[PDB]
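For the entry's author numbering, add 1 to where a residue sits in the sequence shown, where the first one is 1. Written out below as structure tokens is the structure these notes cover.
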Amino acid sequence: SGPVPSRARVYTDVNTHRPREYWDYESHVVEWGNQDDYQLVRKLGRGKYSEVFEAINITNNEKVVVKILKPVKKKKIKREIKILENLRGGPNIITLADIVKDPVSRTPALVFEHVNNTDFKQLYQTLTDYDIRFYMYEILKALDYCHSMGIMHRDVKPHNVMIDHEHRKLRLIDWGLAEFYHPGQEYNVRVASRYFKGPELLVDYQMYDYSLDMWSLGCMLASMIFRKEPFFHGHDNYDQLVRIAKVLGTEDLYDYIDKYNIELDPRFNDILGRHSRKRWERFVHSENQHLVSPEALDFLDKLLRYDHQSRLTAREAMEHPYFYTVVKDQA
Ligand SMILES: COc1ccc(/C=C2\Oc3cc(OCC(=O)O)ccc3C2=O)cc1OC
């Protein structure tokens, strides 16, 4: 009894009709920049594969960000950077300003736009129903962009969404987990933050597509409109599924497991329990009411769907009344 195969409902063969050079990042030959152009000012964060610095461009005195890369894997390095390059110029997509060959490592460093990030600590008490809509929309553009460009981001979460609230500047960052979609292809499930994991990952189902990202985003929206960070708060990957099944409910879950002949580790049976589908009304109170609206609950209700093929696409989400008001464009 095997798992039923899946295709992207949209943008399936985007890489399929692109020249090999576009998606074969292995054969990509990088052209490095001048590491002496840049001086590191402060450390701004560190993961467990990299270290992020505030930096300076000494030819012009501009602020940048410098991602130095602990000696990981040539394959992994060139992916992020082929992708970063494939998407440069797109909406709200962080600009890769430079690439540099680095001493610190026997590996290198990437140089990005500075985004003077309003901290999500005094952002979360200034933001308005309109603000979130605006920002949801801008991130959607980024996610439609890169999806249309044959690419899943795989690590959507509020830290990878820098926002300079003062200029209304949103860029989407951290494409180190990002990967090309090829239909038919089984992928790593160990991507994305726990809280932002799609059910297809939590259920070890690998033939996922872009709509993973719509899940993550979808949790984000939940978060912001409900003033709860993270919305789904589990203590490991098992717990997380429980924390989802307590609002989405066990029925539709087990039907999702049913459609894709996905077979679940037996231990999951006893923790998973039996839960009903809660109304999205149930999480509206007095502190978060002013951000919650029928358009929203409904918008949201179309992203958090077990069945990956069910989730709204980026295109459709941007075409949702929730976003109508959003200041509609031109010269
Ligand atoms: C609230 O504290 C801050 C935290 C982060 C920033 C700015 C930035 O942090 C980044 C991390 C980045 O990671 C690059 C990557 O991991 O892909 C890229 C750009 C920025 C970036 O512009 C600015 C901040 O204000 C001092």
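Backbone N, C-alpha and C define an ideal beta-carbon position, used for all residues, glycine too.
Between the alpha carbons of residue i and residue j, how many angstroms are there, rounded?
{"i": "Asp302", "j": "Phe233", "result": "15 Å"}
{"i": "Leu70", "j": "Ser28", "result": "20 Å"}
{"i": "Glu139", "j": "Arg155", "result": "18 Å"}
{"i": "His309", "j": "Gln36", "result": "43 Å"}
{"i": "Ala9", "j": "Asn16", "result": "12 Å"}
{"i": "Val30", "j": "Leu97", "result": "16 Å"}
{"i": "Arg280", "j": "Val248", "result": "8 Å"}
{"i": "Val293", "j": "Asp25", "result": "44 Å"}
{"i": "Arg312", "j": "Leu144", "result": "14 Å"}
{"i": "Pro295", "j": "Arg43", "result": "44 Å"}
{"i": "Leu305", "j": "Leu203", "result": "14 Å"}
{"i": "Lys64", "j": "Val53", "result": "13 Å"}
{"i": "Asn289", "j": "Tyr131", "result": "13 Å"}
{"i": "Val66", "j": "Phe113", "result": "5 Å"}
{"i": "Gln241", "j": "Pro231", "result": "11 Å"}
{"i": "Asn87", "j": "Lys158", "result": "22 Å"}
{"i": "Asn262", "j": "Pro184", "result": "19 Å"}
{"i": "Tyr182", "j": "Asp210", "result": "7 Å"}
{"i": "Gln40", "j": "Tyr12", "result": "41 Å"}
{"i": "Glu180", "j": "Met221", "result": "21 Å"}
{"i": "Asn117", "j": "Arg80", "result": "26 Å"}
{"i": "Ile133", "j": "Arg107", "result": "42 Å"}
{"i": "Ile78", "j": "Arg89", "result": "17 Å"}
{"i": "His276", "j": "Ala318", "result": "28 Å"}
{"i": "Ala110", "j": "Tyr23", "result": "22 Å"}
{"i": "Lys142", "j": "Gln331", "result": "16 Å"}
{"i": "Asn161", "j": "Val73", "result": "20 Å"}
{"i": "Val285", "j": "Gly274", "result": "25 Å"}
{"i": "residue 335", "j": "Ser51", "result": "The first residue shown for the chain is 2 and the last is 332, placing residue 335 beyond what the model contains."}
{"i": "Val105", "j": "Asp120", "result": "29 Å"}
{"i": "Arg169", "j": "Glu264", "result": "45 Å"}
{"i": "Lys49", "j": "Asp99", "result": "22 Å"}
{"i": "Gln207", "j": "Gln186", "result": "8 Å"}
{"i": "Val327", "j": "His321", "result": "11 Å"}
{"i": "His18", "j": "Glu282", "result": "44 Å"}
Please indicate yes or no: does the CB of residue i lie closer than 7 Å to some heavy atom of ligand 1?
{"i": "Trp24", "result": "no"}
{"i": "residue 341", "result": "Summary: the structure shown does not reach residue 341, with the chain confined to residues 2 through 332, and so no result is reported for it."}
{"i": "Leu173", "result": "no"}
{"i": "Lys68", "result": "yes"}
{"i": "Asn118", "result": "yes"}
{"i": "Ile272", "result": "no"}
{"i": "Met215", "result": "no"}
{"i": "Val192", "result": "no"}
{"i": "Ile95", "result": "yes"}
{"i": "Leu45", "result": "yes"}
{"i": "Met163", "result": "yes"}
{"i": "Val53", "result": "yes"}
{"i": "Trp176", "result": "yes"}
Return yes when the C-beta of residue i is under 7 Å from any heavy atom of ligand 3, and no when it is not.
{"i": "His115", "result": "Among the ligands present in this structure, namely ligand 1, ligand 3 is not found."}
Going by DSSP, name the residue or residues bridged to residue i.
{"i": "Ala56", "result": "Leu41 and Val65"}
{"i": "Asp103", "result": "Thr108"}
{"i": "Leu173", "result": "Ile94 and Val162"}
{"i": "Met225", "result": "Its beta-bridge partners do not exist; DSSP assigns none."}
{"i": "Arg47", "result": "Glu52"}
{"i": "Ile152", "result": "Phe181"}
{"i": "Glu27", "result": "None, per the DSSP bridge assignment."}
{"i": "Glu114", "result": "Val65"}
{"i": "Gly34", "result": "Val101"}
Check your understanding: Can at least three beta-carbon pairs, one atom from the stretch 165-181 and one from the stretch 194-205, be found at a separation below 8 Å?
Key -> Counting C-beta pairs closer than 8 Å gives fewer than three between the stretch 165-181 and the stretch 194-205, which falls short of the contact rule.
Review point. Is there contact between the stretch 144-153 and the stretch 120-129, where contact requires at least three CB pairs shorter than 8 Å?
Key: Between the stretch 144-153 and the stretch 120-129, the count of C-beta pairs closer than 8 Å stays below three; the two stretches do not touch.
Check your understanding: Looking at C-beta atoms only, is the number of pairs between the stretch 268-277 and the stretch 185-194 that lie closer than 8 Å three or more?
Key -> Taking a contact to require three or more Cβ pairs closer than 8 Å, the stretch 268-277 and the stretch 185-194 do not qualify as touching.
Check your understanding: Touch check for the stretch 45-58 and the stretch 3-13: three-plus C-beta pairs under 8 Å?
Key -> The stretch 3-13 and the stretch 45-58 do not touch, with fewer than three beta-carbon pairs separated by less than 8 Å.
Practice item. Could you say if the stretch 166-182 and the stretch 216-233 meet the contact criterion of at least three C-beta pairs nearer than 8 Å? Key: No, the stretch 166-182 is not in contact with the stretch 216-233.
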